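In the form deposited in one PDB entry, a lone chain appears below as structure tokens.
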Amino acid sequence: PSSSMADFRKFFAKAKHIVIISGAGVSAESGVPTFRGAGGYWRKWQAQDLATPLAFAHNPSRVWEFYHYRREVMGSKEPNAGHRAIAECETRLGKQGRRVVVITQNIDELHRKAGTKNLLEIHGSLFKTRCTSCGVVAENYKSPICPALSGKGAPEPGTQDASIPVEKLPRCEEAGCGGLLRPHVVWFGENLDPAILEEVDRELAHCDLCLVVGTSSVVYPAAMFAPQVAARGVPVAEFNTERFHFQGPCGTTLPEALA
């Protein structure tokens, strides 16, 4: 894997269809606490205790307490230089008829806030809700999402469970529904949206340059996508903190690389 910026910039100049696969490193550079490894903890629990349809069935109040916490910490965050370079490149290239798409594992909408428009959110968004009754997906940025969760969601073990009755958790506001809302987030056991994967696969089939940013291509989810682009002879440029590999924060490398 080459570290030549000049050699990368030569493909970048000529690339008509760029696919940027964006991992958690991009979000972390904005102060988003990465909910994986040593960080994958809230009170007594891990992600596999919280982010599952079975968890939501047994204790939706606890799952909503956690996602309220997640929403609260996320909504105070701002796009970083990497997010900005990525958006500015899409805007700039688009005026020339050249394409940039972002595939993100992240659910904080920081790419959207930076100005990214060709955005594929494979894990959904925690600022979207899904109704478990009618199936309607809705935007929700409200703080707090419901009055019962006001002041709730503290991460300390020993914090009392809110034990909010289901009726008082976030409810659908479609006329005549009133169903229980869940976060519009892909949980363990649940498949990624087939329509999204369809769009993703089309982009990978047509791209002439691929970027992996804030993650590596040997790890989920970039490991799903980058190998088949590379096997086609399309250059894959990797930007992370340890064909092309560029070391350092994406906020440092991407502004220059995507200039």
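Just so we're on the same page, rigid core means the largest C-alpha set that superposes within 1.5 Å between forms. For every residue, the number given is its place in the sequence shown, counted from 1.
Just so you know, the form deposited in another entry exists too; it's not on screen, but the next bit is about it.
- Core-superposed comparison between this form and the one not shown: the CA of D208 stays below a 2 Å shift.
- Annotation: Cα of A195 displaced by less than 2 Å between this form and the one not shown, core superposition.
- When two forms of a protein are overlaid on their rigid core, residues whose CA moves 2 Å or more are considered shifted, and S217 is one of them between this form and the one not shown.
- Distance between the C-alpha atoms of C250 and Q46: shorter in that other deposited form than here (change of 3 Å or more).
- In that other deposited form, the CA atoms of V218 and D208 move farther apart by at least 3 angstroms compared with the shown structure.
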